[PDB]
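Content type compact mmCIF, C-alpha atoms and all ligand atoms, from the file run11.txt:
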# COMPACT_ATOMS: atom_id res chain seq x y z
CA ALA A 1 18.05 223.22 28.46
CA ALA A 2 14.41 223.34 27.41
CA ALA A 3 15.84 221.97 24.18
CA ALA A 4 14.60 222.12 20.61
CA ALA A 5 13.59 225.78 20.41
CA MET A 6 10.22 227.45 19.96
CA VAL A 7 12.41 229.94 18.15
CA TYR A 8 10.82 230.33 14.73
CA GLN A 9 12.92 232.05 12.06
CA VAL A 10 10.79 234.41 9.95
CA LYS A 11 11.19 234.14 6.18
CA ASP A 12 10.07 237.62 5.15
CA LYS A 13 8.27 240.76 6.32
CA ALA A 14 4.88 239.33 5.35
CA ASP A 15 5.75 236.16 7.25
CA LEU A 16 6.76 238.28 10.24
CA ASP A 17 3.47 240.20 10.07
CA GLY A 18 1.60 236.90 10.09
CA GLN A 19 3.71 235.68 12.99
CA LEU A 20 2.90 238.79 15.00
CA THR A 21 -0.85 238.34 14.55
CA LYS A 22 -0.59 234.70 15.63
CA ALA A 23 1.31 235.90 18.71
CA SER A 24 -1.93 237.67 19.62
CA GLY A 25 -1.32 239.40 22.93
CA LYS A 26 1.85 237.53 23.89
CA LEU A 27 5.16 239.35 24.29
CA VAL A 28 7.16 239.01 21.07
CA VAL A 29 10.96 238.96 21.16
CA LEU A 30 12.50 239.79 17.79
CA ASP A 31 16.06 238.45 17.78
CA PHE A 32 18.15 239.97 14.97
CA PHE A 33 20.84 237.36 14.28
CA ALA A 34 23.64 236.48 11.82
CA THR A 35 25.37 233.10 11.51
CA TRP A 36 28.74 234.86 11.35
CA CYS A 37 28.06 236.90 14.50
CA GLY A 38 29.88 235.54 17.54
CA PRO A 39 27.78 237.24 20.24
CA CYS A 40 24.59 236.20 18.44
CA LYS A 41 25.52 232.50 18.60
CA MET A 42 26.61 232.83 22.21
CA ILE A 43 23.16 234.05 23.24
CA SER A 44 21.23 231.41 21.23
CA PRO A 45 21.02 228.76 23.96
CA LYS A 46 19.59 231.41 26.28
CA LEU A 47 16.88 232.28 23.76
CA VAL A 48 16.03 228.58 23.36
CA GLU A 49 15.78 228.24 27.13
CA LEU A 50 13.53 231.29 27.44
CA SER A 51 11.30 230.27 24.53
CA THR A 52 10.43 227.08 26.43
CA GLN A 53 10.21 228.61 29.91
CA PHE A 54 7.78 231.26 28.75
CA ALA A 55 6.04 229.44 25.89
CA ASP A 56 2.66 230.47 27.32
CA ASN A 57 3.38 234.21 27.33
CA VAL A 58 6.19 234.65 24.83
CA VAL A 59 6.96 234.16 21.16
CA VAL A 60 10.60 234.25 20.09
CA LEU A 61 11.10 235.10 16.43
CA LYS A 62 14.55 234.94 14.91
CA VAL A 63 15.36 237.36 12.10
CA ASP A 64 18.49 236.59 10.10
CA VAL A 65 19.72 239.97 8.86
CA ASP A 66 21.46 238.43 5.83
CA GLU A 67 18.25 236.74 4.65
CA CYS A 68 15.77 239.40 5.80
CA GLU A 69 17.61 242.64 5.06
CA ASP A 70 14.32 244.48 4.67
CA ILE A 71 13.27 243.68 8.24
CA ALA A 72 16.70 244.67 9.58
CA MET A 73 16.53 247.92 7.65
CA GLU A 74 12.96 248.50 8.87
CA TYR A 75 13.93 248.17 12.54
CA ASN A 76 17.10 250.22 11.94
CA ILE A 77 19.42 247.44 13.11
CA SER A 78 23.16 248.12 13.36
CA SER A 79 24.39 246.25 16.45
CA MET A 80 24.36 242.44 16.63
CA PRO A 81 22.54 240.94 18.34
CA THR A 82 19.63 243.35 18.81
CA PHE A 83 16.47 242.46 20.67
CA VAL A 84 13.22 244.25 19.89
CA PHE A 85 10.28 243.54 22.18
CA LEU A 86 6.75 244.01 20.93
CA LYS A 87 3.26 243.46 22.23
CA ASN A 88 0.22 244.06 20.02
CA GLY A 89 2.48 245.68 17.45
CA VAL A 90 3.59 248.23 20.04
CA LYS A 91 7.29 248.52 20.81
CA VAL A 92 7.93 247.77 24.48
CA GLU A 93 11.71 248.07 24.53
CA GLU A 94 14.89 247.38 22.58
CA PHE A 95 18.55 246.80 23.36
CA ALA A 96 21.67 245.46 21.68
CA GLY A 97 24.22 242.99 23.03
CA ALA A 98 24.43 239.40 24.22
CA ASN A 99 23.33 240.08 27.80
CA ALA A 100 21.52 236.99 29.11
CA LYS A 101 20.39 238.49 32.41
CA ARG A 102 19.02 241.61 30.74
CA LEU A 103 17.09 239.54 28.18
CA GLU A 104 15.37 237.50 30.91
CA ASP A 105 14.70 240.67 32.97
CA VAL A 106 12.96 242.38 30.06
CA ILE A 107 10.72 239.37 29.46
CA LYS A 108 9.89 238.90 33.14
CA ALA A 109 9.04 242.58 33.49
CA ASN A 110 6.85 242.62 30.41
CA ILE A 111 4.57 239.60 30.67
CL CL B 201 18.93 231.46 33.93
Would you write out, as structure tokens, the structure that this file holds?
Amino acid sequence: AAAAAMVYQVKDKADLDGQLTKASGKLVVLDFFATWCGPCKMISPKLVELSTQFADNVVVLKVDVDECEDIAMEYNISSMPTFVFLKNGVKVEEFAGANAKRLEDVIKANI
């Protein structure tokens, strides 16, 4: 539910940087995704749901590793999906795997 998605897909590292500043103080969830990745697609509806539920305190940014290889390399991504949580450019936490409960827990504990 909470359809649509406030899940913006970054186009490049500069675009990501600009997205982070716009996020201001809000918790940022970087979702490293791939269209060919089964677990990544399985967790997508959850991310859409969360983006809407926490629109006031959270910004979900989708990073396609095939299109933004630099970003993936920068955050040393290897597992898919991988969630990196940031606030004011500071890394709060990170974990890999399509775990819906864990994703919501991290956001609830960091807003
Ligand atoms: Cl739920």
Pick out the residues no farther than 9 Å from ligand CL 201 (chain B), counting only C-alpha atoms and all ligand atoms, and list them as a PDB file with C-alpha atoms, in the frame of the given file.
ATOM      1  CA  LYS A  46      19.590 231.410  26.280  1.00  0.00           C
ATOM      2  CA  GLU A  49      15.780 228.240  27.130  1.00  0.00           C
ATOM      3  CA  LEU A  50      13.530 231.290  27.440  1.00  0.00           C
ATOM      4  CA  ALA A 100      21.520 236.990  29.110  1.00  0.00           C
ATOM      5  CA  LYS A 101      20.390 238.490  32.410  1.00  0.00           C
ATOM      6  CA  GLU A 104      15.370 237.500  30.910  1.00  0.00           C
TER       7      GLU A 104
END
So, with only C-alpha atoms as the atoms that count, which of A:30, A:76, A:37, A:106 lies closest to residue A:16?
A:30
What lies within 12 Å of residue A:36 using all atoms listed in the file, ignoring chain neighbours under 6 positions off, as number ranges by chain?
A: 42, 64-66, 80-81
Two-atom distance - atom CA of residue A:83, atom CA of residue A:31 (Å)
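Rounded to one decimal, the two atoms are 5.0 Å apart.
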May I have the residues at most 9 Å from (16.8, 238.2, 9.6) in the file's coordinates, counting only C-alpha atoms, as an mmCIF file with C-alpha atoms, in the frame of the given file?
data_model
loop_
_atom_site.group_PDB
_atom_site.id
_atom_site.type_symbol
_atom_site.label_atom_id
_atom_site.label_comp_id
_atom_site.auth_asym_id
_atom_site.auth_seq_id
_atom_site.Cartn_x
_atom_site.Cartn_y
_atom_site.Cartn_z
ATOM 1 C CA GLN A 9 12.920 232.050 12.060
ATOM 2 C CA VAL A 10 10.790 234.410 9.950
ATOM 3 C CA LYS A 11 11.190 234.140 6.180
ATOM 4 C CA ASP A 12 10.070 237.620 5.150
ATOM 5 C CA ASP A 31 16.060 238.450 17.780
ATOM 6 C CA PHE A 32 18.150 239.970 14.970
ATOM 7 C CA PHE A 33 20.840 237.360 14.280
ATOM 8 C CA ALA A 34 23.640 236.480 11.820
ATOM 9 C CA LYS A 62 14.550 234.940 14.910
ATOM 10 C CA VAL A 63 15.360 237.360 12.100
ATOM 11 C CA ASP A 64 18.490 236.590 10.100
ATOM 12 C CA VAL A 65 19.720 239.970 8.860
ATOM 13 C CA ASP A 66 21.460 238.430 5.830
ATOM 14 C CA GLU A 67 18.250 236.740 4.650
ATOM 15 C CA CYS A 68 15.770 239.400 5.800
ATOM 16 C CA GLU A 69 17.610 242.640 5.060
ATOM 17 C CA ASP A 70 14.320 244.480 4.670
ATOM 18 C CA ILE A 71 13.270 243.680 8.240
ATOM 19 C CA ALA A 72 16.700 244.670 9.580
#
Quote the spacing between atom CA of residue A:25 and atom CA of residue A:56 in Å to one decimal place.
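Interatomic distance, atom CA of residue A:25 to atom CA of residue A:56: 10.7 Å.
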As an exercise, work out the distance from atom CA of residue A:94 to atom CA of residue A:109 in Å and give it to one decimal place.
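Atom CA of residue A:94 sits 13.3 Å away from atom CA of residue A:109.
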Of the residues A:23, A:40, A:28, A:7, which is the one nearest to residue A:99, using all atoms listed in the file?
A:40
Name all residues at most 9 Å from residue A:26 (count only C-alpha atoms; drop same-chain ones fewer than 4 positions away) and give them as a PyMOL selection string.
chain A and resi 56-59+86-88+111
Residue A:6 proximity check over A:20, A:29, A:55, A:43, using all atoms listed in the file: winner is A:55
Using only C-alpha atoms, which of the listed residues (A:38, A:18, A:45, A:89) sits closest to residue A:5?
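That would be A:45, the residue with the smallest distance to residue A:5.
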